[PDB]
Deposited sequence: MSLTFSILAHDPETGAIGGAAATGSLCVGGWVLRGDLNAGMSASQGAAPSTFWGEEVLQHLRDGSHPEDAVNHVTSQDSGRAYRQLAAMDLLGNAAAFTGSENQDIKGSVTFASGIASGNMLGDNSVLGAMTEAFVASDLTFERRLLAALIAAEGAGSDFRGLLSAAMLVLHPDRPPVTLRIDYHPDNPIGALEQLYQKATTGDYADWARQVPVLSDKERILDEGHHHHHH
């Protein structure tokens, strides 16, 4: 199905993240993985391999350049032509592999702090528009990722969308619309606003994070409890 994904590093904060949308279900579950000790990966294509997504991160942890990590993982797989893989390290270096048996139009665009990839696209300009939107945006990192999904969509239906953002001072921000009949990206933005503002955001800053693993709720009396 129509598929596009973007991985990026946010230099100012050291956050890493990605976002994706497809014309099928559960894109967040299939495609997006990440670890603050490794980088980000997007594993997709006609016959996506969950293994590729996990294993490429291990190669990064173990000191492979993204190009070599992607090549190591894909070369070992006789079915590689039917899938597509992108990976980015903690400093924004990135590489992709695009199998020849994925549906046209395919493949990938690197840019200073990330990588866009996709397949079953209507035009080259889908990935170009995605990249331009991400790099041109002066919004917060998460909104840049959203802007990228919207531009990719506009350059072309989609049924699922997701975002994943990691930072050592924050719990993972994992936001999934696994099915929406007509506008999963819009539904993702709504979820993003709810997940990053008000009571919920106030609660979410009071839980364990990588830099404060034993964090508990704020001390003292409160009239409310999430």
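Coordinate coverage of the deposited sequence breaks at 1, 158 to 161, these segments carrying no C-alpha atoms.
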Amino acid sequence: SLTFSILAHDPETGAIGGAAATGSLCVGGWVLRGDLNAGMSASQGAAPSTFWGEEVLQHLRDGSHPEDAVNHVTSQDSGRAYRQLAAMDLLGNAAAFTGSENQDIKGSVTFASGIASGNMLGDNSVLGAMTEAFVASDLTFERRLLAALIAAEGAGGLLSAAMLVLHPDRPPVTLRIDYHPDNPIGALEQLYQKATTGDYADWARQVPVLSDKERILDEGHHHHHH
From here on, numbers count along this sequence of modelled residues.
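The mean Cα B-factor in the deposited entry runs higher for 98 to 106 than for the other of 85 to 93 and 98 to 106. For the pair 13 to 21 and 211 to 219, the mean B factor over Cα atoms is greater in 211 to 219. Per-chain ranking of the deposited C-alpha B factor places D199 in the lowest third. When the CA B factors of the chain's modelled residues are split into thirds, the value for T3 lands in the middle one. Among all modelled residues in this chain, the alpha-carbon of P48 has a temperature factor (C-alpha) in the middle third. Sorting the modelled residues of the chain by their CA temperature factor places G29 in the middle third. In the deposited entry, the Cα temperature factor of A147 sits in the middle third of values across the chain's modelled residues.
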